[PDB]
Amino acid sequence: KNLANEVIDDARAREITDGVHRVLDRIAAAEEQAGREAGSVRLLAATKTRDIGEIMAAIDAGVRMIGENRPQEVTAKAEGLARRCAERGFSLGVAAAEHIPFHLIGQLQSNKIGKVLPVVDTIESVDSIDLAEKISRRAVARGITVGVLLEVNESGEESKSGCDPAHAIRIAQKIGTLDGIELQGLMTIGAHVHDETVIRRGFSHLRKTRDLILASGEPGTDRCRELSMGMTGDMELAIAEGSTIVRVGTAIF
């Protein structure tokens, strides 16, 4: 599939538009149920495997934040996406134009960091002090600061991605001391299970962890405010537990 394709047919554009609208309505309904103020939750469209035409249909329908999984897709679509967003009056990733964050939400192989620093403003998949240091070295050398979210494993399965939940605070504080990076919150893929008590426990843990990091007042931790959690199948629960960013793919595309 040519991800650089910029034009889709009318029916496809309608599907994506309705998808975005349905998701936005679900987010609003979820905020209402959880007694949270409107706008508390931001929608990030997970754009993996979608082409430029598809992604822009989503942005035109109301999406104001996107996240790619693979650096190769970032490189393939970055130029066209930036141009299309600019024409629509938006700035994308990295004067009164609204800014649309461009995040990397998939795992980042070390030798691919340089591929995403010129485009993404936030790397949501930082799962270790080691990775954070590698990103720091490269950001400093480039003369920039990139946002990062500490990815925590809330699946209960050691084999999954993300840092050890018990070590999250310690790792976050260390990340806060690194130059070239700005800790903007936490992220989790959650648990791919049908047990809502397990799902809720993980989101709750992420929220509490976020709260403790902010409370620490340690260097570079005052902006650790986001909670990127919840996707198509569990966004209602994520929002009930405090999510500030939901990552949606299927419900949209």
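The numbering used is simple: start at 1 and walk along the sequence shown.
From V94 to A95, how many deposited residues does the entry skip: none, 1 to 3, 4 to 9, or 10 or more? Gap between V94 and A95: 4 to 9 residues without coordinates.
Stretch with the greater mean C-alpha B-factor as recorded in the entry, comparing 192 to 200 against 222 to 230: Per the PDB entry, the higher value belongs to 192 to 200.
Mean CA temperature factor from the deposited coordinates, higher in 152 to 160 or in 138 to 146? According to the entry, 152 to 160 carries the higher average C-alpha B-factor.
According to the deposited entry, which of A168, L131, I123, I113 has the largest Cα B-factor? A168 has the highest C-alpha B-factor of those listed.
Name the residue from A86, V74, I181, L117 with the greatest C-alpha temperature factor listed in the entry. Result of the comparison over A86, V74, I181, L117: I181.
Rank-wise, by C-alpha B-factor, drop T209 into the lowest, middle or highest third of its chain. It falls in the bottom third of the chain.
Thinking about Cα B factors across the chain, which third does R70 belong to? Its C-alpha B-factor belongs to the middle third of this chain's values.
Of the three thirds of its chain by CA temperature factor, lowest, middle or highest, which one includes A38? According to the entry, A38 has a C-alpha B-factor in the chain's highest third.
Assigned third (lowest, middle, highest) for the C-alpha B factor of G80: Middle third, going by the recorded CA B-factors of the chain.
Chain-relative CA temperature factor third for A238: Bottom third by C-alpha B-factor.
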